[PDB]
Asker: 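The structure under discussion is supplied below as C-alpha cells; questions concerning it will follow.
Worth knowing before you read on, the calculation uses all heavy atoms, side chains too, and leaves out hydrogens, waters and symmetry mates. The first residue in the sequence is number 1, and the count goes up from there.
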Amino acid sequence: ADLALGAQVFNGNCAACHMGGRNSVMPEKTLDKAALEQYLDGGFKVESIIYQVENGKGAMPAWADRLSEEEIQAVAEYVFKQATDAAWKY
Ligand code: HEC
C-alpha cells in the first residue's frame, strides 16, 4: 500500500514509543521480526499489526479514534516492511 504515508504516520504518532523500532515502555516488545513473532498476538503478519494498532494493548493506546482506516493499513504495512528488511536504525 502507501508506504510514504505509512512513514508519515509512524513518524508522527508511533515514534514517541517505538523510536528506531524499539520500545521505551517495554524494552522486550520491539518492532523486530523476532520480537513480533514472539510477542505480538497473531504473530508476524500485517493483519496482526493492524489489529493491535486499532484496538491497542495495555500501555499501547488504541488508534481507532485518531487515525483513518487507510492510515492504519499504511502504518501496519510500513512496520511490516521494516521488520522484514530489518531496516530499524537505533
Ligand atoms: C507508547 C505509549 C506507545 C505508542 C505511542 C504506540 N505503542 Fe506500540 N507498543 C507499546 C507497548 C508498551 C507495546 C507492548 C504492549 C503490551 O502490553 O504487550 C507496544 C507494542 C506494539 C507492537 C507489538 C510489539 C511486540 O509485541 O513485540 C506493535 C506492532 C506496535 N506497538 C505498533 C505501534 C504503532 C504502529 C504505533 C503507532 C500507530 C504504536 N505502536 C504506538 C507502546 C506504544
Side-chain angles (χ1 to χ4, degrees):
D2 199 326
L3 258 47
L5 174 60
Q8 189 198 114
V9 170
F10 187 95
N11 279 1
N13 296 271
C14 321
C17 295
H18 298 293
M19 184 64 80
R22 280 31 259 161
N23 196 334
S24 59
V25 176
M26 247 162 257
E28 274 270 34
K29 277 84 176 311
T30 69
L31 293 61
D32 292 296
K33 177 187 175 84
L36 262 19
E37 289 171 280
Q38 267 47 266
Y39 310 100
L40 177 61
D41 285 342
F44 188 55
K45 299 191 297 169
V46 171
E47 11 276 329
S48 310
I49 301 171
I50 283 174
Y51 188 94
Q52 171 123 149
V53 166
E54 317 199 303
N55 301 293
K57 187 54 83 284
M60 171 148 154
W63 293 89
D65 292 328
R66 309 177 66 182
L67 308 185
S68 64
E69 191 60 42
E70 79 151 346
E71 283 173 336
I72 294 179
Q73 254 93 147
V75 79
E77 313 216 37
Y78 172 73
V79 169
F80 186 72
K81 149 72 67 173
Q82 289 293 281
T84 295
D85 294 2
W88 307 107
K89 328 194 308 301
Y90 55 101

Asker: Parallel, tilted or perpendicular: which one describes the rings of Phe10 and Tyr78, with boundaries at 30° and 60°?
Answerer: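 Tilted, since the angle between the ring planes falls between 30° and 60°.
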
Asker: What's the separation between atom OH in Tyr51 and atom CG in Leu40, rounded to the nearest 0.5 Å?
Answerer: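 One finds 11.5 Å between OH of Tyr51 and CG of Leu40.
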
Asker: In Å, rounded to the nearest 0.5 Å, how long is the span from CG of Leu31 to CD1 of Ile49?
Answerer: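 Separation between the atoms: 7.5 Å.
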
Asker: Can you list the other members of the hydrophobic cluster that holds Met26, where links are side-chain heavy atoms under 4.5 angstrom apart?
Answerer: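 In the cluster with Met26 are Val25.
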
Asker: CE of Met60 to CG of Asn55: how many Å apart, nearest 0.5 Å?
Answerer: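 Between atom CE of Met60 and atom CG of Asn55 there are 9.5 Å.
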
Asker: Tell me every residue that passes side chain to side chain contact (heavy atoms under 4.5 Å, CB included) with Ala15, counting only those two or more places apart in sequence or in another chain.
Answerer: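 Side chain to side chain contact (heavy atoms under 4.5 Å, CB included) check on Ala15 returns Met19.
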
Asker: If you round to the nearest 0.5 Å, how far is CD of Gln82 from CG of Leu36?
Answerer: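 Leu36 CG to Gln82 CD: 12.0 Å, rounded to 0.5 Å.
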
Asker: Locate the shortest heavy-atom distance separating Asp2 from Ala74; write the atom from each residue and the value.
Answerer: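 Here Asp2 and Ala74 meet closest at O-CB, 3.4 Å.
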
Asker: Measure across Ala16 and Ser24 and return the closest heavy-atom pair with its distance rounded to 0.1 Å.
Answerer: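 Taking every non-hydrogen atom into account, O-OG, 4.0 Å.
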
Asker: Could you list the residues that satisfy side chain to side chain donor-acceptor pair (under 3.5 Å) with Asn23, not counting sequence neighbours?
Answerer: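 Per chain and number, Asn23 pairs via side chain to side chain donor-acceptor pair (under 3.5 Å) with no residue.
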
Asker: Which pairs count as salt bridge (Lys or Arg N to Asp or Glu O under 4.0 Å) when at least one residue sits in residues 64-81, sequence neighbours excluded?
Answerer: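 Qualifying pairs, neighbours excluded: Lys81-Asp85.
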
Asker: What residue pairs, at least two apart or across chains, pass side-chain hydrogen bond (donor to acceptor under 3.5 Å, both in side chains) with a residue in residues 29-43?
Answerer: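 The answer is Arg22-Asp32, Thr30-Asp32.
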
Asker: Mind checking what makes ring pair (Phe, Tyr, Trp, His ring centres under 6.0 Å) contact with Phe44, not counting sequence neighbours?
Answerer: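 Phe44 satisfies ring pair (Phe, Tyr, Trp, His ring centres under 6.0 Å) with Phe80 only.
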
